Amino acid sequence: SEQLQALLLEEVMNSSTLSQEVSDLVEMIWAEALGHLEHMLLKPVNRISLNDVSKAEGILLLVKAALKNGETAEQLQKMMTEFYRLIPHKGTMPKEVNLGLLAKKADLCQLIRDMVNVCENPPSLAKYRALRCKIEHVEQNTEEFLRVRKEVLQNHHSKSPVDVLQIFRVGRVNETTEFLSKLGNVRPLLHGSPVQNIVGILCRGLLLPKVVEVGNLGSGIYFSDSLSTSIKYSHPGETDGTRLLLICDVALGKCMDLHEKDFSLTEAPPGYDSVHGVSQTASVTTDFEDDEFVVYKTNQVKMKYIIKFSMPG
């Protein structure tokens with residue numbers, strides 16, 4: 001009958017042959033993201049609307065400019081109270097509004113924005129579709145797995161047991177075409193990141209940090225050739241309890257092997273396309289401890305793999 005053929009299509013349409021490892025990975029990151037929000041939110045995230053988020057972000061812009069202007073705190077409070085009414089927090093209420101606070105508030109909003117988009121169509125598939133990216137599982141039997149494992153396990157300064165559990169292929173749609181392949185020195189590197197932020201990274205890609213008048217080579221996208229250095233970036237997850245890490249074909253081309261730090265770099269130095277923090281080596285004076293490759297463009301990156309791993313602890 002009419003309604004039955006419809007539901008027959010629904011079961012067929014919704015039955016997307018997907019690997020269970022991807023499903024569990026997708027379910028984790030979105031549960032992890034939700035977990036980070038509910039760690040410091042009174043109001044559930046589902047109750048929050050798109051309107052409140054747009055408003056929230058708007059209020060911050062005024063508060064940001066107000067601090068640089070040099071207003072009294074009294075005025076900052078009343079503005080921020082309206083912000084907190086749209087997005088309720090819990091615990092102590094930051095009473096001191098600084099550049100740093102606003103940056104974190106902005107990040108929180110952006111996560112909440114994503115959580116509203118995904119929530120609408122099962123919960124598993126909707127979360128996959130929301131990323132708008134092709135995530136595939138790779139078997140251990142395949143020889144691709146051994147390549148990726150080895151590329152990870154080469155530059156290992158620290159000697160902690162590395163448990164490479166799950167490896168997934170990944171690649172954004174609009175990134176691949178826009179990626180600067182023609183630019184020279186296209187080598188893969190490791191990007192350390194917390195599990196909570198992954199949902200956003202898979203959606204929008206690696207974006208440039210908002211400048212603050214944390215990084216020692218300016219506001220750019222940081223990478224490393226070493227894994228041990230990336231462990232300090234990528235903390236363990238809350239939901240599953242496993243570190244995630246993105247391997248990306250970073251086109252760094254000409255790279256300046258700087259010894260000294262430089263925080264004023266909004267973009268790359270003149271004549272070169274990247275900056276290489278030169279790690280502290282037998283007898284060469286560098287402030288940089290870790291190997292830090294940095295680019296200052298969204299289209300100088302192309303993510304390839306996602307490494308699910310865990311430390312002894």
# chains A, B, ... in the order shown; residues from 1 in each chain; ligands from 1
call {"tool": "residues_around", "arguments": {"residues": "stretch 260-276 of chain A", "least_positions_apart": "2", "cutoff": "9 Å", "atoms": "only C-alpha atoms", "output": "PyMOL selection string"}}
result
chain A and resi 211+215-220+251-258+278-279+285-288+291-297
call {"tool": "write_last_selection", "arguments": {"atoms": "N, CA and C atoms", "output": "PDB file, in the first residue's frame"}}
result
ATOM      1  N   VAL A 211      43.805  35.443  17.200  1.00  0.00           N
ATOM      2  CA  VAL A 211      44.971  36.103  17.765  1.00  0.00           C
ATOM      3  C   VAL A 211      44.586  36.777  19.081  1.00  0.00           C
ATOM      4  N   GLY A 215      50.665  29.761  21.370  1.00  0.00           N
ATOM      5  CA  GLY A 215      51.646  29.332  20.386  1.00  0.00           C
ATOM      6  C   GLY A 215      52.911  30.192  20.408  1.00  0.00           C
ATOM      7  N   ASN A 216      54.066  29.540  20.218  1.00  0.00           N
ATOM      8  CA  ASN A 216      55.361  30.200  20.294  1.00  0.00           C
ATOM      9  C   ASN A 216      55.839  30.591  18.896  1.00  0.00           C
ATOM     10  N   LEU A 217      55.088  30.186  17.863  1.00  0.00           N
ATOM     11  CA  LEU A 217      55.376  30.570  16.488  1.00  0.00           C
ATOM     12  C   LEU A 217      54.143  31.234  15.876  1.00  0.00           C
ATOM     13  N   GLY A 218      53.528  32.145  16.642  1.00  0.00           N
ATOM     14  CA  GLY A 218      52.403  32.930  16.160  1.00  0.00           C
ATOM     15  C   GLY A 218      51.119  32.109  16.062  1.00  0.00           C
ATOM     16  N   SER A 219      50.065  32.749  15.543  1.00  0.00           N
ATOM     17  CA  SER A 219      48.765  32.120  15.385  1.00  0.00           C
ATOM     18  C   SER A 219      48.727  31.339  14.074  1.00  0.00           C
ATOM     19  N   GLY A 220      49.086  30.052  14.150  1.00  0.00           N
ATOM     20  CA  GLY A 220      49.076  29.169  12.995  1.00  0.00           C
ATOM     21  C   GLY A 220      48.692  27.742  13.376  1.00  0.00           C
ATOM     22  N   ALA A 251      51.585  20.946   3.210  1.00  0.00           N
ATOM     23  CA  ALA A 251      52.452  21.623   2.259  1.00  0.00           C
ATOM     24  C   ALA A 251      53.119  22.805   2.956  1.00  0.00           C
ATOM     25  N   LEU A 252      54.357  22.617   3.415  1.00  0.00           N
ATOM     26  CA  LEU A 252      55.099  23.673   4.150  1.00  0.00           C
ATOM     27  C   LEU A 252      56.091  24.350   3.203  1.00  0.00           C
ATOM     28  N   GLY A 253      56.397  23.727   2.062  1.00  0.00           N
ATOM     29  CA  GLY A 253      57.320  24.309   1.068  1.00  0.00           C
ATOM     30  C   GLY A 253      58.514  24.939   1.750  1.00  0.00           C
ATOM     31  N   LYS A 254      59.036  26.035   1.204  1.00  0.00           N
ATOM     32  CA  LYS A 254      60.148  26.770   1.852  1.00  0.00           C
ATOM     33  C   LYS A 254      59.841  26.805   3.347  1.00  0.00           C
ATOM     34  N   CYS A 255      60.797  26.458   4.208  1.00  0.00           N
ATOM     35  CA  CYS A 255      60.556  26.527   5.641  1.00  0.00           C
ATOM     36  C   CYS A 255      61.740  27.196   6.336  1.00  0.00           C
ATOM     37  N   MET A 256      61.442  28.192   7.177  1.00  0.00           N
ATOM     38  CA  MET A 256      62.459  28.927   7.910  1.00  0.00           C
ATOM     39  C   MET A 256      62.802  28.167   9.189  1.00  0.00           C
ATOM     40  N   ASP A 257      64.054  27.702   9.282  1.00  0.00           N
ATOM     41  CA  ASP A 257      64.546  27.020  10.467  1.00  0.00           C
ATOM     42  C   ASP A 257      64.947  28.064  11.506  1.00  0.00           C
ATOM     43  N   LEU A 258      63.946  28.592  12.224  1.00  0.00           N
ATOM     44  CA  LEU A 258      64.167  29.624  13.225  1.00  0.00           C
ATOM     45  C   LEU A 258      64.626  28.986  14.534  1.00  0.00           C
ATOM     46  N   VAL A 278      63.049  24.352  15.586  1.00  0.00           N
ATOM     47  CA  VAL A 278      64.160  23.433  15.395  1.00  0.00           C
ATOM     48  C   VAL A 278      64.295  22.958  16.840  1.00  0.00           C
ATOM     49  N   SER A 279      64.115  21.646  17.043  1.00  0.00           N
ATOM     50  CA  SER A 279      64.167  21.045  18.366  1.00  0.00           C
ATOM     51  C   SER A 279      65.569  21.184  18.953  1.00  0.00           C
ATOM     52  N   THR A 285      71.599  26.137  19.795  1.00  0.00           N
ATOM     53  CA  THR A 285      70.819  26.986  20.679  1.00  0.00           C
ATOM     54  C   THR A 285      69.437  27.240  20.083  1.00  0.00           C
ATOM     55  N   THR A 286      68.419  26.568  20.642  1.00  0.00           N
ATOM     56  CA  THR A 286      67.031  26.800  20.277  1.00  0.00           C
ATOM     57  C   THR A 286      66.163  26.761  21.534  1.00  0.00           C
ATOM     58  N   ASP A 287      65.190  27.676  21.608  1.00  0.00           N
ATOM     59  CA  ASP A 287      64.244  27.714  22.712  1.00  0.00           C
ATOM     60  C   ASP A 287      63.219  26.593  22.551  1.00  0.00           C
ATOM     61  N   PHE A 288      62.989  26.174  21.300  1.00  0.00           N
ATOM     62  CA  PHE A 288      62.019  25.135  20.988  1.00  0.00           C
ATOM     63  C   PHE A 288      62.541  23.785  21.472  1.00  0.00           C
ATOM     64  N   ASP A 291      59.780  19.487  17.973  1.00  0.00           N
ATOM     65  CA  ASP A 291      59.788  19.819  16.557  1.00  0.00           C
ATOM     66  C   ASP A 291      58.416  20.374  16.181  1.00  0.00           C
ATOM     67  N   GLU A 292      58.378  21.650  15.775  1.00  0.00           N
ATOM     68  CA  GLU A 292      57.127  22.335  15.496  1.00  0.00           C
ATOM     69  C   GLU A 292      57.150  22.892  14.075  1.00  0.00           C
ATOM     70  N   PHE A 293      56.400  22.238  13.179  1.00  0.00           N
ATOM     71  CA  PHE A 293      56.141  22.752  11.844  1.00  0.00           C
ATOM     72  C   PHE A 293      54.846  23.560  11.872  1.00  0.00           C
ATOM     73  N   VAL A 294      54.892  24.785  11.330  1.00  0.00           N
ATOM     74  CA  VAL A 294      53.773  25.710  11.418  1.00  0.00           C
ATOM     75  C   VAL A 294      53.498  26.310  10.041  1.00  0.00           C
ATOM     76  N   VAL A 295      52.214  26.303   9.655  1.00  0.00           N
ATOM     77  CA  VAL A 295      51.728  27.012   8.481  1.00  0.00           C
ATOM     78  C   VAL A 295      50.652  27.992   8.938  1.00  0.00           C
ATOM     79  N   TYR A 296      50.338  28.972   8.083  1.00  0.00           N
ATOM     80  CA  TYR A 296      49.427  30.047   8.440  1.00  0.00           C
ATOM     81  C   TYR A 296      48.336  30.191   7.379  1.00  0.00           C
ATOM     82  N   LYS A 297      47.888  29.057   6.830  1.00  0.00           N
ATOM     83  CA  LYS A 297      46.847  29.040   5.815  1.00  0.00           C
ATOM     84  C   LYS A 297      45.987  27.791   5.996  1.00  0.00           C
TER      85      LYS A 297
END
call {"tool": "residues_around", "arguments": {"residues": "residue A:36", "least_positions_apart": "5", "cutoff": "9 Å", "atoms": "only C-alpha atoms", "output": "list in words"}}
result
residues 31, 196 and 238 of chain A
call {"tool": "select_by_dssp", "arguments": {"residues": "stretch 78-289 of chain A", "states": "strand (DSSP E)", "output": "ChimeraX atom specification"}}
result
/A:136-137,163-169,186-192,221-223,243-251,255-256,274-277
call {"tool": "write_last_selection", "arguments": {"atoms": "N, CA, C and O atoms", "output": "compact mmCIF listing (two decimals), in the first residue's frame"}}
result
# COMPACT_ATOMS: atom_id res chain seq x y z
N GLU A 136 36.69 6.04 6.57
CA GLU A 136 36.67 4.61 6.30
C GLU A 136 37.59 3.90 7.29
O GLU A 136 38.56 4.49 7.78
N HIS A 137 37.28 2.63 7.58
CA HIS A 137 38.07 1.81 8.48
C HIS A 137 39.13 1.05 7.68
O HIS A 137 38.89 0.67 6.54
N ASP A 163 50.31 2.04 21.78
CA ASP A 163 49.28 1.10 21.38
C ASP A 163 48.46 1.71 20.24
O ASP A 163 47.59 2.53 20.49
N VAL A 164 48.76 1.29 19.01
CA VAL A 164 48.03 1.75 17.83
C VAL A 164 46.80 0.85 17.65
O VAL A 164 46.91 -0.22 17.07
N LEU A 165 45.65 1.31 18.16
CA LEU A 165 44.43 0.52 18.12
C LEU A 165 43.60 0.50 16.84
O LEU A 165 43.25 -0.58 16.35
N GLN A 166 43.30 1.68 16.30
CA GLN A 166 42.40 1.81 15.16
C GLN A 166 43.01 2.92 14.30
O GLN A 166 43.50 3.92 14.82
N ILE A 167 42.97 2.72 12.98
CA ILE A 167 43.42 3.71 12.02
C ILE A 167 42.33 3.87 10.96
O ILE A 167 41.84 2.89 10.42
N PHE A 168 41.98 5.13 10.67
CA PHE A 168 40.92 5.44 9.71
C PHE A 168 41.46 6.38 8.63
O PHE A 168 42.22 7.30 8.93
N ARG A 169 41.04 6.13 7.39
CA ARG A 169 41.26 7.06 6.30
C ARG A 169 40.29 8.23 6.47
O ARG A 169 39.21 8.06 7.02
N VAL A 186 55.64 18.69 0.00
CA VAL A 186 54.40 18.12 0.48
C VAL A 186 54.72 16.84 1.25
O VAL A 186 54.82 15.77 0.65
N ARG A 187 54.90 16.97 2.57
CA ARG A 187 55.24 15.83 3.41
C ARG A 187 54.19 15.69 4.52
O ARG A 187 53.66 16.68 5.01
N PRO A 188 53.87 14.44 4.94
CA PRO A 188 52.91 14.22 6.03
C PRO A 188 53.51 14.52 7.40
O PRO A 188 54.71 14.31 7.62
N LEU A 189 52.67 15.00 8.32
CA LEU A 189 53.07 15.29 9.69
C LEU A 189 51.92 14.92 10.63
O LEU A 189 50.82 14.61 10.18
N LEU A 190 52.21 14.96 11.94
CA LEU A 190 51.24 14.59 12.96
C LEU A 190 50.71 15.85 13.64
O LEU A 190 51.50 16.70 14.06
N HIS A 191 49.38 15.95 13.75
CA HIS A 191 48.73 17.05 14.43
C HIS A 191 48.08 16.54 15.71
O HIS A 191 47.13 15.76 15.66
N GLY A 192 48.60 17.00 16.86
CA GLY A 192 48.03 16.67 18.15
C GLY A 192 46.81 17.54 18.45
O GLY A 192 46.82 18.74 18.20
N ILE A 221 48.70 26.85 12.38
CA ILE A 221 48.37 25.45 12.59
C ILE A 221 49.67 24.70 12.87
O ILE A 221 50.53 24.62 12.01
N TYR A 222 49.78 24.16 14.09
CA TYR A 222 51.00 23.50 14.55
C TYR A 222 50.95 22.01 14.23
O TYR A 222 49.90 21.38 14.33
N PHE A 223 52.11 21.46 13.87
CA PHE A 223 52.27 20.03 13.62
C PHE A 223 53.58 19.56 14.26
O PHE A 223 54.29 20.35 14.87
N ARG A 243 43.47 8.42 22.92
CA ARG A 243 43.95 9.62 22.25
C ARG A 243 43.65 9.53 20.75
O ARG A 243 43.74 8.45 20.17
N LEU A 244 43.30 10.67 20.15
CA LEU A 244 43.17 10.79 18.71
C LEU A 244 44.24 11.74 18.19
O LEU A 244 44.68 12.64 18.91
N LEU A 245 44.65 11.54 16.93
CA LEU A 245 45.73 12.31 16.33
C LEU A 245 45.58 12.25 14.81
O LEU A 245 45.36 11.17 14.25
N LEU A 246 45.72 13.41 14.15
CA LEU A 246 45.48 13.53 12.72
C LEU A 246 46.81 13.61 11.98
O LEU A 246 47.64 14.47 12.26
N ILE A 247 46.99 12.69 11.01
CA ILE A 247 48.10 12.77 10.08
C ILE A 247 47.61 13.53 8.84
O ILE A 247 46.59 13.16 8.26
N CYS A 248 48.36 14.57 8.46
CA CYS A 248 47.95 15.47 7.40
C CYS A 248 49.12 15.75 6.46
O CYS A 248 50.25 15.95 6.92
N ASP A 249 48.84 15.78 5.15
CA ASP A 249 49.82 16.20 4.16
C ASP A 249 49.94 17.72 4.20
O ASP A 249 49.21 18.42 3.50
N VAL A 250 50.87 18.21 5.02
CA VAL A 250 51.07 19.64 5.20
C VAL A 250 52.07 20.13 4.15
O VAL A 250 53.24 19.78 4.20
N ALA A 251 51.58 20.95 3.21
CA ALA A 251 52.45 21.62 2.26
C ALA A 251 53.12 22.81 2.96
O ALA A 251 52.48 23.84 3.17
N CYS A 255 60.80 26.46 4.21
CA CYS A 255 60.56 26.53 5.64
C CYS A 255 61.74 27.20 6.34
O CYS A 255 62.89 26.81 6.12
N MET A 256 61.44 28.19 7.18
CA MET A 256 62.46 28.93 7.91
C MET A 256 62.80 28.17 9.19
O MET A 256 61.95 28.01 10.06
N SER A 274 56.56 28.57 5.59
CA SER A 274 56.37 27.88 6.86
C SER A 274 57.53 28.19 7.81
O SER A 274 58.54 28.76 7.40
N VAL A 275 57.35 27.79 9.07
CA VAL A 275 58.37 27.96 10.10
C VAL A 275 58.59 26.61 10.78
O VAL A 275 57.62 25.97 11.19
N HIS A 276 59.86 26.21 10.90
CA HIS A 276 60.23 24.98 11.59
C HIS A 276 60.91 25.32 12.91
O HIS A 276 62.05 25.78 12.92
N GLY A 277 60.20 25.08 14.02
CA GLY A 277 60.78 25.19 15.34
C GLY A 277 61.81 24.07 15.17
O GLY A 277 61.48 23.00 14.67
call {"tool": "residues_around", "arguments": {"residues": "residue A:172", "least_positions_apart": "3", "cutoff": "7 Å", "atoms": "only C-alpha atoms", "output": "ChimeraX atom specification"}}
result
/A:133-134,175-176
call {"tool": "select_by_dssp", "arguments": {"residues": "stretch 35-127 of chain A", "states": "helix (DSSP H, G or I)", "output": "PyMOL selection string"}}
result
chain A and resi 35-38+50-69+73-86+99-118+123-127
call {"tool": "closest_residue", "arguments": {"among": "A:86, A:65, A:152, A:183", "to": "residue A:229", "atoms": "only C-alpha atoms"}}
result
A:152
call {"tool": "residues_around", "arguments": {"residues": "residue A:34", "least_positions_apart": "2", "cutoff": "12 Å", "atoms": "only C-alpha atoms", "output": "JSON, numbers by chain"}}
result
{"A": [27, 28, 29, 30, 31, 32, 36, 37, 38, 39, 40, 41, 44, 45, 46, 108, 111, 112, 113, 114, 115, 116, 118, 119, 195, 196, 197, 198, 199, 238, 239]}
call {"tool": "write_last_selection", "arguments": {"atoms": "C-alpha atoms", "output": "mmCIF file, in the first residue's frame"}}
result
data_model
loop_
_atom_site.group_PDB
_atom_site.id
_atom_site.type_symbol
_atom_site.label_atom_id
_atom_site.label_comp_id
_atom_site.auth_asym_id
_atom_site.auth_seq_id
_atom_site.Cartn_x
_atom_site.Cartn_y
_atom_site.Cartn_z
ATOM 1 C CA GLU A 27 29.578 7.938 18.428
ATOM 2 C CA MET A 28 32.572 8.675 20.685
ATOM 3 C CA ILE A 29 33.627 12.080 19.338
ATOM 4 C CA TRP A 30 30.043 13.401 19.386
ATOM 5 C CA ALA A 31 29.463 11.944 22.861
ATOM 6 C CA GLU A 32 32.833 13.420 23.877
ATOM 7 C CA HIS A 36 32.682 18.630 27.283
ATOM 8 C CA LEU A 37 29.700 20.994 27.020
ATOM 9 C CA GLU A 38 27.721 19.346 29.839
ATOM 10 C CA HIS A 39 30.872 19.541 32.002
ATOM 11 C CA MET A 40 30.107 23.254 32.508
ATOM 12 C CA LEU A 41 26.517 23.952 31.418
ATOM 13 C CA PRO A 44 21.052 20.999 28.348
ATOM 14 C CA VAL A 45 22.540 21.556 24.890
ATOM 15 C CA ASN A 46 19.391 20.388 23.066
ATOM 16 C CA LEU A 108 32.115 26.993 23.592
ATOM 17 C CA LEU A 111 30.740 23.664 19.719
ATOM 18 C CA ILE A 112 27.132 24.330 20.770
ATOM 19 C CA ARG A 113 26.408 25.493 17.209
ATOM 20 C CA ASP A 114 27.578 22.131 15.835
ATOM 21 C CA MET A 115 25.547 20.202 18.431
ATOM 22 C CA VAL A 116 22.355 21.921 17.228
ATOM 23 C CA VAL A 118 23.599 17.339 14.168
ATOM 24 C CA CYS A 119 20.481 16.984 16.350
ATOM 25 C CA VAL A 195 39.188 14.307 21.394
ATOM 26 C CA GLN A 196 36.462 16.902 22.055
ATOM 27 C CA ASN A 197 37.642 19.183 19.226
ATOM 28 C CA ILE A 198 37.729 16.380 16.623
ATOM 29 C CA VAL A 199 34.050 16.783 15.679
ATOM 30 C CA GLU A 238 36.633 10.998 28.643
ATOM 31 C CA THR A 239 34.113 8.685 26.948
#
call {"tool": "closest_residue", "arguments": {"among": "A:310, A:299, A:283, A:121", "to": "residue A:11", "atoms": "only C-alpha atoms"}}
result
A:121
call {"tool": "closest_residue", "arguments": {"among": "A:6, A:204, A:131, A:177", "to": "residue A:117", "atoms": "only C-alpha atoms"}}
result
A:131
call {"tool": "atom_distance", "arguments": {"atom1": "atom CA of residue A:110", "atom2": "atom CA of residue A:213"}}
result
21.4 Å
call {"tool": "residues_around", "arguments": {"residues": "residue A:206", "least_positions_apart": "2", "cutoff": "9 Å", "atoms": "only C-alpha atoms", "output": "JSON, numbers by chain"}}
result
{"A": [200, 201, 202, 204, 208, 221, 298, 301, 302, 303]}
call {"tool": "write_last_selection", "arguments": {"atoms": "N, CA, C and O atoms", "output": "compact mmCIF listing (two decimals), in the first residue's frame"}}
result
# COMPACT_ATOMS: atom_id res chain seq x y z
N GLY A 200 34.68 19.12 15.37
CA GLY A 200 34.82 20.38 14.66
C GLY A 200 35.87 20.32 13.56
O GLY A 200 35.68 20.87 12.48
N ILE A 201 36.98 19.64 13.85
CA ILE A 201 38.09 19.54 12.92
C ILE A 201 37.63 18.78 11.67
O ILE A 201 37.99 19.16 10.56
N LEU A 202 36.83 17.72 11.86
CA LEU A 202 36.35 16.92 10.74
C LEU A 202 35.31 17.69 9.93
O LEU A 202 35.14 17.43 8.74
N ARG A 204 34.97 21.43 9.74
CA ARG A 204 35.41 22.68 9.13
C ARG A 204 36.87 22.61 8.68
O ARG A 204 37.32 23.48 7.95
N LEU A 208 42.67 28.61 11.54
CA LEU A 208 43.69 29.44 12.16
C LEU A 208 43.21 29.87 13.55
O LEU A 208 42.04 30.21 13.72
N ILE A 221 48.70 26.85 12.38
CA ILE A 221 48.37 25.45 12.59
C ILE A 221 49.67 24.70 12.87
O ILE A 221 50.53 24.62 12.01
N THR A 298 44.69 27.92 5.68
CA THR A 298 43.74 26.84 5.82
C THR A 298 43.95 25.80 4.71
O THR A 298 43.69 24.62 4.91
N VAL A 301 46.88 22.60 4.28
CA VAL A 301 46.73 21.36 5.02
C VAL A 301 45.75 20.46 4.26
O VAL A 301 44.83 20.94 3.61
N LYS A 302 45.97 19.15 4.37
CA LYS A 302 45.07 18.14 3.83
C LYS A 302 45.15 16.90 4.71
O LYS A 302 46.15 16.18 4.68
N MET A 303 44.10 16.66 5.50
CA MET A 303 44.08 15.57 6.46
C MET A 303 43.89 14.25 5.72
O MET A 303 43.13 14.17 4.76
call {"tool": "closest_residue", "arguments": {"among": "A:289, A:77, A:109, A:17", "to": "residue A:52", "atoms": "only C-alpha atoms"}}
result
A:109
call {"tool": "residues_around", "arguments": {"residues": "residue A:64", "least_positions_apart": "6", "cutoff": "10 Å", "atoms": "only C-alpha atoms", "output": "compact mmCIF listing (two decimals) with N, CA, C and O atoms, in the first residue's frame"}}
result
# COMPACT_ATOMS: atom_id res chain seq x y z
N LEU A 76 31.21 45.76 31.93
CA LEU A 76 31.52 44.45 31.37
C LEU A 76 30.61 43.39 31.99
O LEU A 76 30.18 42.47 31.31
N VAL A 97 36.81 39.57 33.35
CA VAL A 97 36.66 39.35 31.93
C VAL A 97 37.94 39.84 31.25
O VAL A 97 38.26 41.03 31.30
N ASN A 98 38.66 38.90 30.61
CA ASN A 98 39.90 39.19 29.92
C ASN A 98 39.81 38.66 28.50
O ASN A 98 38.83 38.01 28.14
N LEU A 99 40.85 38.94 27.70
CA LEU A 99 40.93 38.47 26.32
C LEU A 99 40.77 36.96 26.27
O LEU A 99 40.07 36.43 25.40
N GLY A 100 41.43 36.27 27.22
CA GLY A 100 41.44 34.82 27.27
C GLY A 100 40.04 34.22 27.45
O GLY A 100 39.68 33.27 26.75
N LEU A 101 39.28 34.78 28.40
CA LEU A 101 37.95 34.29 28.72
C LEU A 101 37.09 34.29 27.46
O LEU A 101 36.48 33.28 27.13
N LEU A 102 37.06 35.44 26.76
CA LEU A 102 36.22 35.62 25.59
C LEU A 102 36.53 34.57 24.54
O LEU A 102 35.61 34.04 23.92
N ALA A 103 37.82 34.27 24.35
CA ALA A 103 38.26 33.29 23.38
C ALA A 103 37.64 31.92 23.68
O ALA A 103 37.18 31.24 22.77
call {"tool": "decode", "arguments": {"residues": "stretch 247-280 of chain A", "atoms": "C-alpha atoms", "output": "JSON list (two decimals), in the first residue's frame"}}
result
[["chain", "number", "residue", "atom", "x", "y", "z"],
["A", 247, "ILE", "CA", 48.10, 12.77, 10.08],
["A", 248, "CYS", "CA", 47.95, 15.47, 7.40],
["A", 249, "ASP", "CA", 49.82, 16.20, 4.16],
["A", 250, "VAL", "CA", 51.07, 19.64, 5.20],
["A", 251, "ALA", "CA", 52.45, 21.62, 2.26],
["A", 252, "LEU", "CA", 55.10, 23.67, 4.15],
["A", 253, "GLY", "CA", 57.32, 24.31, 1.07],
["A", 254, "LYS", "CA", 60.15, 26.77, 1.85],
["A", 255, "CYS", "CA", 60.56, 26.53, 5.64],
["A", 256, "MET", "CA", 62.46, 28.93, 7.91],
["A", 257, "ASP", "CA", 64.55, 27.02, 10.47],
["A", 258, "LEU", "CA", 64.17, 29.62, 13.23],
["A", 259, "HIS", "CA", 65.99, 29.30, 16.55],
["A", 260, "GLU", "CA", 64.39, 32.22, 18.41],
["A", 261, "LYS", "CA", 60.66, 32.44, 19.19],
["A", 262, "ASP", "CA", 58.35, 34.88, 17.40],
["A", 263, "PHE", "CA", 54.77, 35.47, 18.57],
["A", 264, "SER", "CA", 53.94, 38.41, 16.27],
["A", 265, "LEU", "CA", 53.64, 36.15, 13.20],
["A", 266, "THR", "CA", 49.99, 36.45, 12.17],
["A", 267, "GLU", "CA", 51.14, 34.90, 8.88],
["A", 268, "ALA", "CA", 54.30, 33.20, 7.58],
["A", 269, "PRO", "CA", 57.64, 35.11, 7.43],
["A", 270, "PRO", "CA", 58.71, 36.96, 4.22],
["A", 271, "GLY", "CA", 60.05, 34.71, 1.45],
["A", 272, "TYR", "CA", 59.08, 31.41, 3.10],
["A", 273, "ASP", "CA", 55.87, 29.39, 3.38],
["A", 274, "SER", "CA", 56.37, 27.88, 6.86],
["A", 275, "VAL", "CA", 58.37, 27.96, 10.10],
["A", 276, "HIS", "CA", 60.23, 24.98, 11.59],
["A", 277, "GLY", "CA", 60.78, 25.19, 15.34],
["A", 278, "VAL", "CA", 64.16, 23.43, 15.40],
["A", 279, "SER", "CA", 64.17, 21.04, 18.37],
["A", 280, "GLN", "CA", 66.91, 21.26, 21.00]]
